[PDB]
Amino acid sequence: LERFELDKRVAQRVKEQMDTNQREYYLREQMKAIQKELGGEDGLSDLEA
Amino acid sequence: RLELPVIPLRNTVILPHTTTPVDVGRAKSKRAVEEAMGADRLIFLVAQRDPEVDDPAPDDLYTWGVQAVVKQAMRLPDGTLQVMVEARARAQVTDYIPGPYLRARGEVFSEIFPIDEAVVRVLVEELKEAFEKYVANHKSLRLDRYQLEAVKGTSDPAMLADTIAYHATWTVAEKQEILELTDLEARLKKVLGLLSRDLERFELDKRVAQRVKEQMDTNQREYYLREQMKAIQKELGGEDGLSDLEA
Amino acid sequence: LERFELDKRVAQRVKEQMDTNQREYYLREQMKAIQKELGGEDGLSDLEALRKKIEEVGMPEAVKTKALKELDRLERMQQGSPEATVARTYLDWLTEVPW
Amino acid sequence: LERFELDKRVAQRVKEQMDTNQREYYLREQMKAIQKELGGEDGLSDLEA
């Protein structure tokens, strides 16, 4: 029964690891989407200039 | 003019002519409701000082306010005295004799009256289409959707602004700068501008939601394609990255 | 008509400058929440003290635009680094000298 | 009563040391089977070496 309790415990730790990985991916793409919308006015790059 | 108890608040700003439940959950303040019934059942609602304190003080009010009045005599047996109000009109303070219990020496109401009413007609129909599509857009409001279909037909831009700008969330200092002028049709313009900024931030949210989704689908496509490349190297196999190692 | 419309276009620039820069207020508010949940604190109180100290000391406006082009390469990276700390201390050394 | 209190406490902490053994043992079982399926039985030979 201790073995089964240990299985539930590592099951929950697994699922939480997944969801923080997923949301941190989501939010870095949020950040860069917002970011290039902000830098929308300037589209000129240094090498093209 | 009849001095009235300024009954203290948590965060809620009231506009005139609106039935509103005020939940007096403070034993420093329910006795101010006893003093309100000892003051012709009358209230004078002045805004609580921002970021909140829990003390009725002279350093915990503002420089305007409105009067209200009891509608239900509701007791809650937990330390709260629920009062139903309806705000009258805007006035101010002659002598705020401080507290417990706080009062202001009451005024008469500030009485501004509409001229230039066809611009008000254009701005009421702009308000109408604006609030219409505001309800249609912001579904984070979860609003009652059976009401402006009933109350569209009136022309009372005071009461129109009251009930229309009442139900919807924008912050406390904006409630202040509506509450804190005698200027009428400019504050109607202010409400319309609030609606405009609502629609603006709505559409900017939409835009960055779409940029999110296309970056997601792009990364998934690029992963699928790099696996197509790997497996093509596999089923060519003569081009193994390995017989060079055995050689 | 012509003078009223001069004042009208003045109020047009008033409205659109308020719209645009309160709109960027909204967008940086979103970046506050995002940087919080990913890293530590509100970006460890970064890029807000620098942004409020560029506008207040001095300065010639070419220096100010030069600094605002250096805040934008710290919107792309904050981790580490052997790369972003050089521009960080560069703009620090810029903003701290007197005008 | 006192001597048998001593016996019961020392035996229960014998079971506590057995609980430490069961924790580290069973989790070591799980982690080495996972480390094996991340290996080919090599990556299991050379790391123990």
# chains A, B, ... in the order shown; residues from 1 in each chain; ligands from 1
$ residues_around --residues "region 60-77 of chain C" --least-positions-apart "6" --cutoff "10 Å" --atoms "only C-alpha atoms" --output "mmCIF file with C-alpha atoms, in the first residue's frame"
data_model
loop_
_atom_site.group_PDB
_atom_site.id
_atom_site.type_symbol
_atom_site.label_atom_id
_atom_site.label_comp_id
_atom_site.auth_asym_id
_atom_site.auth_seq_id
_atom_site.Cartn_x
_atom_site.Cartn_y
_atom_site.Cartn_z
ATOM 1 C CA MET A 31 6.191 37.781 -24.968
ATOM 2 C CA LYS A 32 7.793 37.790 -28.390
ATOM 3 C CA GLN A 35 7.343 42.391 -28.537
ATOM 4 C CA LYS A 36 7.346 42.464 -32.320
ATOM 5 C CA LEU A 38 5.575 46.867 -30.173
ATOM 6 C CA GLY A 39 8.619 47.094 -32.468
ATOM 7 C CA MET C 31 4.778 42.463 -20.197
ATOM 8 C CA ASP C 46 14.388 45.982 -14.182
ATOM 9 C CA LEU C 47 13.735 48.159 -17.272
ATOM 10 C CA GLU C 48 11.365 50.401 -15.295
ATOM 11 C CA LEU C 50 16.018 52.767 -16.286
ATOM 12 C CA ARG C 51 12.985 53.816 -18.346
ATOM 13 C CA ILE C 54 16.071 58.262 -19.007
ATOM 14 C CA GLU C 83 26.059 39.390 -23.962
ATOM 15 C CA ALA C 84 23.342 41.581 -22.385
ATOM 16 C CA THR C 85 25.261 42.758 -19.304
ATOM 17 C CA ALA C 87 24.832 46.802 -23.025
ATOM 18 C CA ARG C 88 23.271 47.000 -19.544
ATOM 19 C CA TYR C 90 26.833 50.678 -21.077
ATOM 20 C CA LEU C 91 23.406 52.281 -20.738
ATOM 21 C CA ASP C 92 23.945 52.563 -16.969
ATOM 22 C CA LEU C 94 25.211 56.563 -20.104
ATOM 23 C CA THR C 95 22.340 57.462 -17.779
ATOM 24 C CA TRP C 99 23.637 66.943 -17.945
#
$ select_by_dssp --residues "region 126-222 of chain B" --states "alpha helix (DSSP H)" --output "ChimeraX atom specification"
/B:126-137,157-166,172-179,185-222
$ calpha_fit_rmsd --fixed "chain A" --moving "chain D"
4.9 Å
$ closest_atom_pairs --of "chain B" --to "chain A" --cutoff "8 Å" --atoms "only C-alpha atoms" --output "JSON lines"
{"residue": "B:208", "atom": "CA", "partner": "A:33", "partner_atom": "CA", "distance": 6.3}
{"residue": "B:211", "atom": "CA", "partner": "A:33", "partner_atom": "CA", "distance": 6.0}
{"residue": "B:212", "atom": "CA", "partner": "A:30", "partner_atom": "CA", "distance": 6.1}
{"residue": "B:215", "atom": "CA", "partner": "A:29", "partner_atom": "CA", "distance": 7.4}
$ closest_residue --among "C:96, C:56, C:24, C:41" --to "chain A" --atoms "only C-alpha atoms"
C:24
$ closest_atom_pairs --of "chain B" --to "chain C" --cutoff "12 Å" --atoms "only C-alpha atoms" --output "tab-separated table"
residue	atom	partner	partner_atom	distance
B:193	CA	C:19	CA	10.0
B:194	CA	C:19	CA	11.2
B:196	CA	C:19	CA	9.8
B:197	CA	C:19	CA	8.0
B:198	CA	C:23	CA	10.9
B:199	CA	C:23	CA	11.8
B:200	CA	C:23	CA	8.4
B:201	CA	C:23	CA	7.6
B:202	CA	C:26	CA	11.1
B:203	CA	C:23	CA	11.5
B:204	CA	C:27	CA	9.0
B:205	CA	C:27	CA	9.6
B:208	CA	C:27	CA	10.5
$ write_last_selection --atoms "N, CA, C and O atoms" --output "PDB file, in the first residue's frame"
ATOM      1  N   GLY B 193     -15.377  57.747 -24.478  1.00  0.00           N
ATOM      2  CA  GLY B 193     -13.962  57.460 -24.640  1.00  0.00           C
ATOM      3  C   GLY B 193     -13.528  56.215 -23.892  1.00  0.00           C
ATOM      4  O   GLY B 193     -12.677  55.456 -24.372  1.00  0.00           O
ATOM      5  N   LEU B 194     -14.097  55.999 -22.705  1.00  0.00           N
ATOM      6  CA  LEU B 194     -13.893  54.747 -21.983  1.00  0.00           C
ATOM      7  C   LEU B 194     -14.323  53.555 -22.821  1.00  0.00           C
ATOM      8  O   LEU B 194     -13.603  52.551 -22.905  1.00  0.00           O
ATOM      9  N   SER B 196     -14.465  53.463 -26.027  1.00  0.00           N
ATOM     10  CA  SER B 196     -13.535  53.366 -27.143  1.00  0.00           C
ATOM     11  C   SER B 196     -12.274  52.622 -26.745  1.00  0.00           C
ATOM     12  O   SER B 196     -11.805  51.748 -27.484  1.00  0.00           O
ATOM     13  N   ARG B 197     -11.726  52.940 -25.568  1.00  0.00           N
ATOM     14  CA  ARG B 197     -10.506  52.273 -25.114  1.00  0.00           C
ATOM     15  C   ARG B 197     -10.764  50.808 -24.802  1.00  0.00           C
ATOM     16  O   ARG B 197      -9.870  49.965 -24.965  1.00  0.00           O
ATOM     17  N   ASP B 198     -11.987  50.490 -24.369  1.00  0.00           N
ATOM     18  CA  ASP B 198     -12.377  49.095 -24.188  1.00  0.00           C
ATOM     19  C   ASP B 198     -12.307  48.329 -25.500  1.00  0.00           C
ATOM     20  O   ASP B 198     -11.690  47.256 -25.574  1.00  0.00           O
ATOM     21  N   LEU B 199     -12.910  48.889 -26.554  1.00  0.00           N
ATOM     22  CA  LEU B 199     -12.879  48.226 -27.858  1.00  0.00           C
ATOM     23  C   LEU B 199     -11.464  48.147 -28.416  1.00  0.00           C
ATOM     24  O   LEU B 199     -11.091  47.150 -29.053  1.00  0.00           O
ATOM     25  N   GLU B 200     -10.655  49.170 -28.137  1.00  0.00           N
ATOM     26  CA  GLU B 200      -9.265  49.185 -28.577  1.00  0.00           C
ATOM     27  C   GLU B 200      -8.471  48.039 -27.971  1.00  0.00           C
ATOM     28  O   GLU B 200      -7.851  47.252 -28.703  1.00  0.00           O
ATOM     29  N   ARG B 201      -8.476  47.931 -26.640  1.00  0.00           N
ATOM     30  CA  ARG B 201      -7.708  46.882 -25.978  1.00  0.00           C
ATOM     31  C   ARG B 201      -8.248  45.507 -26.330  1.00  0.00           C
ATOM     32  O   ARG B 201      -7.476  44.542 -26.428  1.00  0.00           O
ATOM     33  N   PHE B 202      -9.557  45.420 -26.585  1.00  0.00           N
ATOM     34  CA  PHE B 202     -10.152  44.192 -27.092  1.00  0.00           C
ATOM     35  C   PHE B 202      -9.510  43.759 -28.397  1.00  0.00           C
ATOM     36  O   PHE B 202      -9.093  42.600 -28.552  1.00  0.00           O
ATOM     37  N   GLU B 203      -9.387  44.686 -29.335  1.00  0.00           N
ATOM     38  CA  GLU B 203      -8.889  44.285 -30.639  1.00  0.00           C
ATOM     39  C   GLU B 203      -7.388  44.032 -30.614  1.00  0.00           C
ATOM     40  O   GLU B 203      -6.886  43.179 -31.360  1.00  0.00           O
ATOM     41  N   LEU B 204      -6.663  44.723 -29.739  1.00  0.00           N
ATOM     42  CA  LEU B 204      -5.238  44.439 -29.633  1.00  0.00           C
ATOM     43  C   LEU B 204      -5.002  43.066 -29.010  1.00  0.00           C
ATOM     44  O   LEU B 204      -4.068  42.347 -29.411  1.00  0.00           O
ATOM     45  N   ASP B 205      -5.884  42.660 -28.090  1.00  0.00           N
ATOM     46  CA  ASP B 205      -5.848  41.301 -27.562  1.00  0.00           C
ATOM     47  C   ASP B 205      -6.086  40.279 -28.662  1.00  0.00           C
ATOM     48  O   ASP B 205      -5.389  39.253 -28.730  1.00  0.00           O
ATOM     49  N   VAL B 208      -2.885  39.897 -30.907  1.00  0.00           N
ATOM     50  CA  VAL B 208      -1.738  39.151 -30.403  1.00  0.00           C
ATOM     51  C   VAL B 208      -2.111  37.703 -30.145  1.00  0.00           C
ATOM     52  O   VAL B 208      -1.243  36.821 -30.178  1.00  0.00           O
TER      53      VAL B 208
END
$ interface_residues --of "chain A" --to "chain D" --cutoff "10 Å" --atoms "only C-alpha atoms" --output "PyMOL selection string"
chain A and resi 2-3+6
$ write_last_selection --atoms "N, CA, C and O atoms" --output "compact mmCIF listing (two decimals), in the first residue's frame"
# COMPACT_ATOMS: atom_id res chain seq x y z
N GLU A 2 2.03 1.17 0.64
CA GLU A 2 2.99 2.26 0.53
C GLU A 2 3.49 2.42 -0.90
O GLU A 2 3.71 3.55 -1.36
N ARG A 3 3.64 1.31 -1.62
CA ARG A 3 4.04 1.38 -3.02
C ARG A 3 3.00 2.12 -3.85
O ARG A 3 3.34 2.97 -4.69
N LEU A 6 3.11 5.84 -3.18
CA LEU A 6 4.24 6.43 -3.86
C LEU A 6 3.94 6.63 -5.34
O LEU A 6 4.37 7.62 -5.95
$ atom_distance --atom1 "CA of residue 35 (chain B)" --atom2 "CA of residue 66 (chain B)"
17.4 Å
$ residues_around --residues "residue 181 (chain B)" --least-positions-apart "6" --cutoff "10 Å" --atoms "only C-alpha atoms" --output "PyMOL selection string"
chain B and resi 64+90+110+187
